[PDB]
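What follows is the content of data_30.pdb, which has PDB, C-alpha atoms:
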ATOM      1  CA  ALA A   1     -49.143  25.840 -76.523  1.00  0.00           C
ATOM      2  CA  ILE A   2     -46.218  27.578 -78.225  1.00  0.00           C
ATOM      3  CA  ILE A   3     -44.058  29.535 -75.779  1.00  0.00           C
ATOM      4  CA  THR A   4     -40.407  30.450 -75.388  1.00  0.00           C
ATOM      5  CA  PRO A   5     -38.321  27.606 -73.885  1.00  0.00           C
ATOM      6  CA  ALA A   6     -36.722  30.041 -71.403  1.00  0.00           C
ATOM      7  CA  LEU A   7     -39.857  30.837 -69.354  1.00  0.00           C
ATOM      8  CA  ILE A   8     -42.126  27.780 -69.153  1.00  0.00           C
ATOM      9  CA  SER A   9     -39.451  25.146 -69.738  1.00  0.00           C
ATOM     10  CA  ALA A  10     -37.511  26.941 -66.976  1.00  0.00           C
ATOM     11  CA  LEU A  11     -40.332  27.552 -64.468  1.00  0.00           C
ATOM     12  CA  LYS A  12     -41.928  24.074 -64.739  1.00  0.00           C
ATOM     13  CA  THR A  13     -40.012  22.859 -61.701  1.00  0.00           C
ATOM     14  CA  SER A  14     -40.563  22.391 -57.966  1.00  0.00           C
ATOM     15  CA  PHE A  15     -37.590  23.154 -55.731  1.00  0.00           C
ATOM     16  CA  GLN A  16     -37.173  20.728 -52.827  1.00  0.00           C
ATOM     17  CA  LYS A  17     -34.624  20.616 -50.007  1.00  0.00           C
ATOM     18  CA  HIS A  18     -34.356  16.862 -49.435  1.00  0.00           C
ATOM     19  CA  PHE A  19     -30.654  16.965 -50.318  1.00  0.00           C
ATOM     20  CA  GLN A  20     -29.971  19.454 -47.508  1.00  0.00           C
ATOM     21  CA  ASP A  21     -28.093  17.964 -44.539  1.00  0.00           C
ATOM     22  CA  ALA A  22     -28.204  14.524 -46.171  1.00  0.00           C
ATOM     23  CA  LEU A  23     -24.761  13.615 -44.809  1.00  0.00           C
ATOM     24  CA  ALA A  24     -23.077  14.412 -41.493  1.00  0.00           C
ATOM     25  CA  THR A  25     -19.636  14.915 -39.945  1.00  0.00           C
ATOM     26  CA  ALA A  26     -17.534  12.766 -37.650  1.00  0.00           C
ATOM     27  CA  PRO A  27     -18.761  12.974 -34.034  1.00  0.00           C
ATOM     28  CA  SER A  28     -16.850  14.768 -31.311  1.00  0.00           C
ATOM     29  CA  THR A  29     -14.206  12.570 -29.686  1.00  0.00           C
ATOM     30  CA  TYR A  30     -11.577  14.828 -28.060  1.00  0.00           C
ATOM     31  CA  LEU A  31     -13.406  14.533 -24.725  1.00  0.00           C
ATOM     32  CA  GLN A  32     -12.317  10.894 -24.379  1.00  0.00           C
ATOM     33  CA  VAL A  33      -8.619  11.835 -24.722  1.00  0.00           C
ATOM     34  CA  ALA A  34      -8.440  15.319 -23.175  1.00  0.00           C
ATOM     35  CA  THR A  35      -9.614  17.381 -20.215  1.00  0.00           C
ATOM     36  CA  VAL A  36     -10.892  20.954 -20.459  1.00  0.00           C
ATOM     37  CA  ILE A  37      -8.837  23.500 -18.508  1.00  0.00           C
ATOM     38  CA  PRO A  38     -10.154  27.066 -18.883  1.00  0.00           C
ATOM     39  CA  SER A  39      -7.601  29.860 -19.189  1.00  0.00           C
ATOM     40  CA  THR A  40      -7.841  33.515 -18.166  1.00  0.00           C
ATOM     41  CA  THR A  41      -4.596  35.010 -19.538  1.00  0.00           C
ATOM     42  CA  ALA A  42      -2.084  34.622 -22.360  1.00  0.00           C
ATOM     43  CA  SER A  43      -0.611  31.352 -21.063  1.00  0.00           C
ATOM     44  CA  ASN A  44      -0.991  28.853 -18.228  1.00  0.00           C
ATOM     45  CA  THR A  45       1.937  27.647 -16.121  1.00  0.00           C
ATOM     46  CA  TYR A  46       1.633  24.275 -14.387  1.00  0.00           C
ATOM     47  CA  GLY A  47       3.515  23.157 -11.295  1.00  0.00           C
ATOM     48  CA  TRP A  48       3.373  20.014  -9.166  1.00  0.00           C
ATOM     49  CA  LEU A  49       5.397  18.656  -6.263  1.00  0.00           C
ATOM     50  CA  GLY A  50       7.548  15.540  -6.350  1.00  0.00           C
TER      51      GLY A  50
ATOM     52  CA  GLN B   1       3.525 -33.314  17.662  1.00  0.00           C
ATOM     53  CA  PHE B   2       3.009 -36.537  19.581  1.00  0.00           C
ATOM     54  CA  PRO B   3       5.152 -39.523  18.515  1.00  0.00           C
ATOM     55  CA  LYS B   4       3.739 -41.948  15.972  1.00  0.00           C
ATOM     56  CA  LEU B   5       2.063 -45.069  17.334  1.00  0.00           C
ATOM     57  CA  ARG B   6       4.243 -48.166  16.949  1.00  0.00           C
ATOM     58  CA  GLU B   7       3.887 -51.863  17.688  1.00  0.00           C
ATOM     59  CA  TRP B   8       5.043 -52.740  21.197  1.00  0.00           C
ATOM     60  CA  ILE B   9       8.372 -54.561  20.911  1.00  0.00           C
ATOM     61  CA  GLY B  10       8.628 -56.028  24.420  1.00  0.00           C
ATOM     62  CA  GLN B  11       9.262 -52.947  26.551  1.00  0.00           C
ATOM     63  CA  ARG B  12       7.753 -49.511  25.995  1.00  0.00           C
ATOM     64  CA  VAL B  13      10.149 -46.643  25.289  1.00  0.00           C
ATOM     65  CA  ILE B  14       9.911 -43.109  26.665  1.00  0.00           C
ATOM     66  CA  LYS B  15      10.128 -40.506  23.895  1.00  0.00           C
ATOM     67  CA  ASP B  16      10.164 -36.710  23.912  1.00  0.00           C
ATOM     68  CA  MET B  17       8.667 -33.789  22.015  1.00  0.00           C
ATOM     69  CA  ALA B  18      10.553 -31.014  20.214  1.00  0.00           C
ATOM     70  CA  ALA B  19       9.535 -27.406  20.891  1.00  0.00           C
ATOM     71  CA  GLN B  20      11.217 -24.391  19.289  1.00  0.00           C
ATOM     72  CA  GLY B  21      10.815 -20.629  19.089  1.00  0.00           C
ATOM     73  CA  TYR B  22      11.531 -17.543  17.020  1.00  0.00           C
ATOM     74  CA  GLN B  23      12.355 -13.965  18.034  1.00  0.00           C
ATOM     75  CA  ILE B  24      12.324 -10.682  16.106  1.00  0.00           C
ATOM     76  CA  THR B  25      13.601  -7.295  17.292  1.00  0.00           C
ATOM     77  CA  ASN B  26      11.980  -3.980  16.410  1.00  0.00           C
ATOM     78  CA  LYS B  27      13.746  -1.601  14.036  1.00  0.00           C
ATOM     79  CA  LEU B  28      13.657   2.197  13.947  1.00  0.00           C
ATOM     80  CA  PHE B  29      13.166   4.062  10.663  1.00  0.00           C
ATOM     81  CA  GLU B  30      13.376   7.715   9.656  1.00  0.00           C
ATOM     82  CA  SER B  31      12.652  10.015   6.721  1.00  0.00           C
ATOM     83  CA  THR B  32      13.046  13.790   6.716  1.00  0.00           C
ATOM     84  CA  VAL B  33      13.464  16.758   4.376  1.00  0.00           C
ATOM     85  CA  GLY B  34      14.714  20.296   5.016  1.00  0.00           C
ATOM     86  CA  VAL B  35      13.449  23.431   3.270  1.00  0.00           C
ATOM     87  CA  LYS B  36      14.421  27.078   3.644  1.00  0.00           C
ATOM     88  CA  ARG B  37      11.682  29.054   5.376  1.00  0.00           C
ATOM     89  CA  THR B  38      11.793  31.925   2.871  1.00  0.00           C
ATOM     90  CA  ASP B  39      10.706  29.561   0.090  1.00  0.00           C
ATOM     91  CA  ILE B  40       7.618  28.597   2.099  1.00  0.00           C
ATOM     92  CA  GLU B  41       6.965  32.255   2.936  1.00  0.00           C
ATOM     93  CA  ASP B  42       7.417  33.133  -0.753  1.00  0.00           C
ATOM     94  CA  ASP B  43       4.949  30.426  -1.790  1.00  0.00           C
ATOM     95  CA  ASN B  44       2.066  32.464  -3.208  1.00  0.00           C
ATOM     96  CA  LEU B  45       1.692  29.829  -5.936  1.00  0.00           C
ATOM     97  CA  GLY B  46       1.222  26.967  -3.480  1.00  0.00           C
ATOM     98  CA  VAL B  47       3.843  24.546  -4.816  1.00  0.00           C
ATOM     99  CA  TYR B  48       4.872  23.361  -1.336  1.00  0.00           C
ATOM    100  CA  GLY B  49       1.325  22.972   0.024  1.00  0.00           C
ATOM    101  CA  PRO B  50       0.996  19.216  -0.628  1.00  0.00           C
ATOM    102  CA  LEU B  51       4.156  18.487   1.394  1.00  0.00           C
TER     103      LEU B  51
END

Is it possible to express this structure as structure tokens?
Amino acid sequence: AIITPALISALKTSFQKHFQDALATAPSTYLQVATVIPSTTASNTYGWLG
Amino acid sequence: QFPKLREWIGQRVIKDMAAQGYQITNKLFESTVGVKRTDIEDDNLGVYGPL
């Protein structure tokens, strides 16, 4: 019956992870407005003919 | 076109048709560009390839 309130009153709990990943983040969208051009050096120079 | 049919007035009248024509003469066109050969030779990038 009688017991310190720092052992039983502390350990009478059940940890659950329902709250984990409850919310999300905005989906990727840069694909719809940009192309992917891989690079192999410090910079990329572009040139086109008129 | 043939003349319109009309009521005979007492003596039939000879009419005539109207034919015409239209002529068009050919025209000659040109478009050209000049480039130094060294630029093409020094074209490792390939800028002048789509010419």

For chain A, work out the contacting residues on chain B at 10 Å, counting only C-alpha atoms, and write them as a short mmCIF file (atom, residue, chain, number, x, y, z; two decimals) with C-alpha atoms, in the coordinates of the input.
data_model
loop_
_atom_site.label_atom_id
_atom_site.label_comp_id
_atom_site.auth_asym_id
_atom_site.auth_seq_id
_atom_site.Cartn_x
_atom_site.Cartn_y
_atom_site.Cartn_z
CA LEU B 45 1.69 29.83 -5.94
CA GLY B 46 1.22 26.97 -3.48
CA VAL B 47 3.84 24.55 -4.82
CA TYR B 48 4.87 23.36 -1.34
CA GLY B 49 1.32 22.97 0.02
CA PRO B 50 1.00 19.22 -0.63
CA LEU B 51 4.16 18.49 1.39
#

Hey, could you pull the box centre and edge lengths for range 26-43 of chain B, axis-aligned, 4 Å padding per side, all listed atoms, to one decimal in Å, as lines of an AutoDock Vina configuration file?
center_x = 9.8
center_y = 14.6
center_z = 7.3
size_x = 17.8
size_y = 45.1
size_z = 26.2

* For CA of residue 20 in chain B and CA of residue 1 in chain B, quote the distance in Å rounded to one decimal. => 11.9 Å

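Atom pair CA of residue 2 in chain B / CA of residue 18 in chain B: separated by 9.4 Å.
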
* To do: Go ahead and compute the interatomic distance for CA of residue 16 in chain B and CA of residue 3 in chain B, in Å to one decimal.
  =>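 So the answer is 7.9 Å.
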
Can you spit out chain B with C-alpha atoms, as a short mmCIF file (atom, residue, chain, number, x, y, z; two decimals), in the first residue's frame, from the structure just given?
data_model
loop_
_atom_site.label_atom_id
_atom_site.label_comp_id
_atom_site.auth_asym_id
_atom_site.auth_seq_id
_atom_site.Cartn_x
_atom_site.Cartn_y
_atom_site.Cartn_z
CA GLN B 1 -21.76 32.09 -116.79
CA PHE B 2 -24.58 31.78 -119.30
CA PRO B 3 -26.89 34.81 -119.65
CA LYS B 4 -30.05 34.94 -117.57
CA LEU B 5 -33.24 33.73 -119.23
CA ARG B 6 -35.52 36.60 -120.26
CA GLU B 7 -38.95 36.94 -121.84
CA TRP B 8 -38.77 37.07 -125.63
CA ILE B 9 -39.48 40.65 -126.71
CA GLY B 10 -40.14 40.11 -130.42
CA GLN B 11 -36.68 39.24 -131.75
CA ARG B 12 -34.05 37.21 -129.93
CA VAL B 13 -30.75 38.93 -129.13
CA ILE B 14 -27.28 37.40 -129.41
CA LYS B 15 -25.29 37.86 -126.20
CA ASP B 16 -21.73 36.96 -125.21
CA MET B 17 -19.82 35.50 -122.29
CA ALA B 18 -16.96 37.13 -120.37
CA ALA B 19 -13.79 35.10 -119.77
CA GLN B 20 -10.74 36.42 -117.92
CA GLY B 21 -7.40 35.20 -116.63
CA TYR B 22 -4.67 35.77 -114.07
CA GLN B 23 -0.89 35.32 -114.28
CA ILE B 24 1.82 35.12 -111.61
CA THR B 25 5.59 35.07 -112.14
CA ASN B 26 8.01 33.07 -110.02
CA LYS B 27 10.36 34.87 -107.64
CA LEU B 28 13.86 33.89 -106.52
CA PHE B 29 14.85 34.05 -102.85
CA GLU B 30 18.14 33.68 -101.00
CA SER B 31 19.53 33.40 -97.47
CA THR B 32 23.18 32.85 -96.57
CA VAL B 33 25.66 33.26 -93.71
CA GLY B 34 29.46 33.33 -93.69
CA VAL B 35 31.67 31.98 -90.91
CA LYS B 36 35.45 31.86 -90.54
CA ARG B 37 36.75 28.31 -90.92
CA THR B 38 39.01 28.52 -87.86
CA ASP B 39 35.96 29.00 -85.62
CA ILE B 40 34.46 25.77 -86.94
CA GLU B 41 37.82 24.01 -86.58
CA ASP B 42 38.11 25.40 -83.04
CA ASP B 43 34.63 24.14 -82.16
CA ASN B 44 35.38 21.47 -79.56
CA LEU B 45 32.31 22.65 -77.63
CA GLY B 46 29.94 22.12 -80.55
CA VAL B 47 28.26 25.54 -80.62
CA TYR B 48 28.10 25.65 -84.44
CA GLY B 49 26.87 22.06 -84.89
CA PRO B 50 23.15 22.88 -85.20
CA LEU B 51 23.82 25.30 -88.08
#
